[PDB]
Each structure stands twice: as C-alpha cells, then as structure tokens.
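Quick setup: one chain, the form deposited in one PDB entry, written in structure tokens, and binding and motion questions come after.
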C-alpha cells in the first residue's frame, strides 16, 4: 500500500496553471492513502487526471473547486475519514467547477466506490455542468445522520453517471435492523463486522473494504495490539510480540523513517510541551529549541542583537553560535532605519540555557542593572572565541550585579569583566568553579571597589557557599 502527504492550500494556486497541474500530479500520482487532504483546484479543461485512480482513501478532506475538466476519475476512492475538515465543516467539498464564457466544467463524478465519510458534511454547489450527483443519497455515505441525463433503469434513481455500471451502491440504509454497521445485501446474514468501513465482501473483520479505526495485517481492529496483553490464566500483563504503533489508520511494527513515537502513535514530530528522546517524553526543563546565534546560518551576516533580529530568539534554549550586544544594536543604527532595542524585548533570552560560542556585552540598556534576562543560562561553550574570550562585559555604568543565577559552566576561553564602575558581587565569585580547564583565566579591572561594595552592603546571602554570588538574595548563590 502506497502512502503520501496531502496539501493545506485550500483555494490557493500557482499562477501558471500548467504548474498547478504538475504539482497535483507530483503530490498524488501512485498514492493510495492520502495522509492529509486531497485538494484538486484550478485545473484546466484538457488535463489527464486518470492518475487519481490510485487513491483509495483520504484521511482529511477532499476539496474539488474552480476546476474545468469534464470528469473526476476517483473510481477507487472508498473512504474520506474527515480527521481535518474543509473550513472545519466538510469532508467532501465540490464547488465552482466551471469557467465563465466557455462550456467547460465538471460534468460527472467518478465516485462509485465512495461509500464512507466518517466525519464532516458534504457540499456540492455551483457546478454549472454537473450531472447525476443530485440523485445521490449522501445519507447512506455520511455516517453522522442545466439539462441533464437520466440514471439507468437499474440504478433505481440513484447514480453517479448514465450507465448500468454507474449506480450508487447502498451499504447502510438497505441493511437489516440487526446490523451494527454496513452490509453487503439486505438479509440478516449480510451484516459486515462492526469494524468494517465502506462495506464488506463477507462477515469477518478481514473482509472489509476499509477499516473504521485501525488495520492490523488485513484485519480491522478497534485499537492496535498493545505492548502488554492481559493473560486471564496467569493474571499478569505478558509482553506482546505482535505489538504495533498507530500510523493513521494503520498498525505498524516500525514507524516510517525520521518519525517519533508519541503515546503509542507514529508522528512527524513531538507535540507542544513534549520532547524527542525516538520517543516523546514530557519536558524536563523548558522544551529544547536550538537556535542560530549571531554569525551562524540565518544570522550569518548579523553583527549584534538588534530590533530587526531579536524575535529570531523567541523560545530558544540552546544558541548555536554567539550572542553579541553592540552600541548599534542597543542604541539603534542611525545609518540604516534600525531603531534602538525595546529593552523589555531582551526578556526573550530567559529561555536560553546554553550559548555554544561566546557572550559579548559591549552595550546594555542603561536602565537595566543586571543580566537577569540570562537567569537560566547554564553553559557558555566558548567553542568559538572573541580574542580568546568567551565572556566579555565591558564599560557598563548601568550594571549593579551580574545575576547569571544558573551559570554553572564556562567550557572554554577567558572572562573579561571590565570598567563596570557600579558593578558589585563580581569579586565574591570563585570563577575557578565554572572553568572546565587549567588555562582559563579572568581579566577583572576597574569595576566597583570590593571594599566600597562591602561598606554599602553589597554582600552575599548567609546561605551561599565560599564560592560567592551573582547578586543579592538567596537565589543568587553559586553553591
């Protein structure tokens, strides 16, 4: 069975309509199970759509709008699950399939095998030249309760096209009262297994056209075989060798390539508040999100953090590169249209736990007394250095304390904390405890005199170790 992903384009199309067609063929040709939506929009009159015969099932919605072809060749389409709906209303939407001043438009629907719409409504409207679809009993299909040709005599006034072989096959409204679902005839012995969607060829869960829920090796089951199965004799949950994950309406021993396991299911990526581990576990800290720093990938050409790039750092926990704050970044670039940074926007770094390169503070908003926006920064990697330095805090008159409360590791490079005239606490810090290697040293010069700090009461809390503090209070200790 061949699987593919849908589109989430709705009415949008490529301006070159031949390209809209090539995209359609590319996305859906040779695909049997659409994991998502089937959107056929803005397709011209003389186009070969016969490749749509590969499709047996759509999980999302089927959208057919603004097209101009005569026939819709979806003859193998058995089921629309309607997991996602068009405008959150329709599983099947067929409209405006005509072009003005040209007797070009949709004439008939090749949907003879379409007998199941699990969720959503049906919307068939304003198709100038569409015939027969008005004779269809959508009540049988949907599980939730101009001058045209005539249906063939045998079709009993319900058909998709004009011949004896275009009749609508009813699989629910023609059943015996006893049936849990669909049927293949009108007798009591003709009921399908309750797990059969579309209909069936016999009474077993292996005789279905499609599955109501999941398909476990040809059998239509309520749920996939679990990791542990109860044993009524031994009274224990025995390990199930047949255990399978859910991949849409399939039960799989192995998820497709690069997919993750979220609560027994195969997903493209972990949901919000969950993290990859390949399984999805709830987040230990703030969910991991690696970001490019100044001079890396997306920010290769960037020189400082500024108003035009600040937002690229929203929810980042790890910075791949550096974090650089220059005068042009803090105070704005008059030589361009780059205005000064909203100092409140620097709060965006409160999610950052790691910086792989260096932290270079050449400028800081003069009303910010500290670096508490970096309160959760655990590591400075120093994988790349600024003249041997991995931490540079230079010439800040506005700063009073550091307040890097989570800073536990400076993996490489030296420290340069200089000419910060009003800065205290720095002298209480035993930098050694943060350094990973012998060569790592500190340049400390012309900050507030340690004696004047003490006299003014800028001292570590009693709870702090001999290692010192980043600022005042008992939340600022090194150990």
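Numbering follows the first chain given and starts at 1.
Asks: Just how many deposited residues go unmodelled from residue 145 to residue 146: none, 1 to 3, 4 to 9, or 10 or more?
Replies: Gap between residue 145 and residue 146: 10 or more unmodelled residues.
Asks: Check the residues of the deposited sequence separating residue 314 from residue 315 and report how many of them have no coordinates, as none, 1 to 3, 4 to 9, or 10 or more.
Replies: Count of unmodelled residues in between: none.
Asks: If you take the mean CA temperature factor per stretch, which one wins between 366-374 and 224-232?
Replies: The stretch with the larger average C-alpha B-factor is 224-232.
Asks: With respect to the recorded C-alpha B factors, which stretch has the higher mean value, 335-343 or 74-82?
Replies: Taking the mean B-factor of the alpha carbons in each, 335-343 is higher.
Asks: Going by the deposited entry, which of 320, 169, 405, 307 has the highest CA temperature factor?
Replies: Within the set 320, 169, 405, 307, 307 shows the top C-alpha B-factor.
Asks: Between 207, 354, 262, 195, let me know which has the highest C-alpha B-factor in the entry?
Replies: In the PDB entry, the greatest C-alpha B-factor among 207, 354, 262, 195 is found at 262.
Asks: So where's residue 300 on the chain's Cα temperature factor ranking, which third?
Replies: Tercile = highest for this residue's CA B-factor.
Asks: Consider only the C-alpha atoms of the modelled residues in this chain, order them by B-factor as the entry records it, and name the third containing residue 57: lowest, middle or highest.
Replies: Answer is lowest: the recorded C-alpha B-factor places it there.
Asks: Lowest, middle or highest third: which one holds residue 133 when the chain's residues are ordered by CA B-factor from the entry?
Replies: It belongs to the middle third of the chain when residues are ordered by C-alpha B-factor.
Asks: Looking at the C-alpha B-factor of residue 411, is it in the lowest, middle or highest third of its chain?
Replies: Lowest third, going by the recorded CA B-factors of the chain.
Asks: Lowest, middle or highest third: which one holds residue 174 when the chain's residues are ordered by CA B-factor from the entry?
Replies: Middle third of the chain for residue 174's C-alpha B-factor.
Here the subject shifts to the form deposited in another entry, a form of this protein not shown in this document.
Asks: If one rigid piece of the chain rotates against another between this form and the one not shown, which among 37, 269, 332, 21 sits on the hinge?
Replies: Of 37, 269, 332, 21, the hinge residue is 269.
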